[PDB]
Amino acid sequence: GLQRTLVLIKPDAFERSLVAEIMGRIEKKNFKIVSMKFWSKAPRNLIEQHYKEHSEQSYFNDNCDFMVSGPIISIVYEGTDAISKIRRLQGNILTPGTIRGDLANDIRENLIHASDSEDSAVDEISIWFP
């Protein structure tokens, strides 16, 4: 059962030279790249539609400022249970073995975003890959 999920490689991954290292972990898990776009500086409006459900929260503007402070890469990966499986690779900073667990230490500069559900994926994918 193939699925497609959207993944974002945040500006901090570029600053810390962890782009290849992050994509590699996903690649080694056997997921394929269907679509890919490189953003030297993603358009703010595009960032705000993506994080719109956090529109009423405190760090919304900062997270937005951050997502626009460096290049970004948006990828559409394809694979079996891709959405759930990749969301797990991403993990969290308190779980070693995952991407955020082994490489991140901030809840804002967390190197990567992966769709968390089917709806979220279809919406997220339509945003960066209309």
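In case it trips you up, residue 1 is the first one in the sequence shown, and so on.
In this crystal structure, the stretch out of 89-97 and 50-58 whose C-alpha atoms carry the higher mean B factor is 50-58. Taking only CA atoms, the mean B-factor in the PDB entry is higher for 109-117 than for the other of 16-24 and 109-117.
Annotation for residue 127: CA B-factor lies in the middle third of the chain's modelled residues. Among all modelled residues in this chain, the alpha-carbon of residue 68 has a temperature factor (C-alpha) in the middle third. Per the PDB record, residue ranking by Cα B-factor puts residue 81 in the highest third of the chain. Split the chain's modelled residues into thirds by C-alpha temperature factor. Residue 33 is in the middle one.
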